[PDB]
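Student: Could you have a look at this structure, given as structure tokens, before my questions?
FYI, it's all coordinate maths here, none of it is from the lab. Every residue, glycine among them, receives a Cβ derived from its backbone with ideal geometry; neighbour counts consider all protein chains shown.
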Amino acid sequence: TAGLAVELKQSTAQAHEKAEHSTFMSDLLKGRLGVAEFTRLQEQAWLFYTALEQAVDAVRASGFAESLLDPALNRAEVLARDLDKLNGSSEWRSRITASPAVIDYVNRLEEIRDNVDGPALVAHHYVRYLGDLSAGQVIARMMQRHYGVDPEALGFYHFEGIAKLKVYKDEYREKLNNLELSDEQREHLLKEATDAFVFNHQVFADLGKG
Ligand code: COH
Ligand SMILES: [Cl-]
């Protein structure tokens, strides 16, 4: 009754805290790593965003939650543009390989794609895109300040088509509240949001491990 958006934020709050406190992300954001480690992160993100956006496309094409699944949110192509700049070459696409965590995350996203699992997809959409909308300005500024990354290579963190980010985030949360879901679908979505945070935490863990 608080609304699905508020339940999601409460349910995932601890997982969000654990992700912020992960050693790799904490070290990266504090300036203790470098542009190389930042670029390795963006490469792994390109892999899972590519899979996520295949799943989004399939669910949108099935007619589920179409207005929530705004294609302007797509991050895979802008990540590739950033990586072409960061690596000074397009050849990173033929050099990178998924970490074990990314393999697992991509496997889940491909099952969601194949099953056209709308509620599961919405959970992953919330976990990635609402986080991106919330954190992009602060993370981009940290990469620029600590590592000298030019804003031209921080496009992943920017949504130039969204004139008022807060208005958009509030509208996005209201679209979540407005979804019509059965009790099973709602519980499935909430459980998948927890799983989505775990997948993302493990991407950071793998990056920290090397
Ligand atoms: C720059 C620090 C930082 C990091 C490392 C970080 C790491 C991650 C991460 C990595 C696993 C994921 C999946 C997310 C996902 C989210 N983050 Co952040 N977030 C971060 C800064 C924020 C900020 C700031 C907000 C808005 C306030 C809040 O809810 O915490 C945020 C909010 C979110 C929200 C929206 C909550 C809501 O309003 O319902 C999601 C989803 N997230 N975040
Ligand atoms: Cl894209």
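Student: Here are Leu109, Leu41, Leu83, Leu28: which of them is of a type in the set (A, V, I, L, M, F, W, C) and within 13 Å of ligand 2 (Cβ to nearest atom)? Explain how you work it out, then say what you get.
Tutor: Details: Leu109 fails: within 13 Å of ligand 2 (Cβ to nearest atom); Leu41 fails: within 13 Å of ligand 2 (Cβ to nearest atom); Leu28 fails: within 13 Å of ligand 2 (Cβ to nearest atom).
Residue meeting the stated conditions: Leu83.
Student: When you go through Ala80, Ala58 one by one, which is the residue that is over 30 Å from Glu152 (Cα atoms), of a type in the set (A, V, I, L, M) and part of a helix (DSSP H, G or I)?
Tutor: Selected residue: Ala58, the only one of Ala80, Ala58 that is over 30 Å from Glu152 (Cα atoms), of a type in the set (A, V, I, L, M) and part of a helix (DSSP H, G or I).
Student: Still on this structure, I have one more. Do any helices (runs of 4 or more DSSP H) lying entirely in segment 85-191 carry at least 2 residues that are over 18 Å from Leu73 (Cα atoms), of a type in the set (A, V, I, L, M) and under 19 Å from the mean Cα position of the chain (by Cα), and which ones are they?
Tutor: 100-115, 131-147
Student: Given the criterion within 16 Å of ligand 2 (Cβ to nearest atom), farther than 23 Å from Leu179 by Cβ and either surrounded by fewer than 19 Cβ atoms within 10 Å (Cβ to Cβ) or of a type in the set (S, T, N, Q) (or both), identify the matching residue among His158, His146.
Tutor: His158
Student: Let me ask something else. Would you please name the residue that is surrounded by the most Cβ atoms within 10 Å (Cβ to Cβ), looking only at residues in segment 19-37 that are free of Cβ contacts under 8 Å to residues at least 12 places away in the same chain and within 10 Å of ligand 1 (Cβ to nearest atom)?
Tutor: Taking the candidates together, the pick is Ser26.
Student: Step by step: first the residues of segment 1-18, then only those that are more than 9 Å from ligand 1 (Cβ to nearest atom) and not in a helix (DSSP H, G or I), then the one that is farthest from the chain's Cα centre (by Cα). Which residue is that?
Tutor: So the residue we want is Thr1.
Student: Pull up segment 86-95, narrow it to residues that are of a type in the set (S, T, N, Q) and away from ligand 2 (no atom under 16 Å from the Cβ), then point me to the one that is farthest from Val35 (Cα to Cα).
Tutor: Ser94
Student: Is there a residue in segment 59-70 that is surrounded by 16 or more Cβ atoms within 10 Å (Cβ to Cβ), away from ligand 1 (no atom under 16 Å from the Cβ) and charged (D, E, K, R)?
Tutor: Taking every residue of segment 59-70 in turn, at least one turns out to be surrounded by 16 or more Cβ atoms within 10 Å (Cβ to Cβ), away from ligand 1 (no atom under 16 Å from the Cβ) and charged (D, E, K, R).
Student: Another question, if that's okay. Taking the criterion of being crowded, with 16+ Cβ neighbours inside 10 Å, within 16 Å of ligand 1 (Cβ to nearest atom), charged (D, E, K, R) and touching a residue at least 60 places away in the same chain (Cβ under 8 Å), would at least one residue in segment 80-94 satisfy it?
Tutor: no
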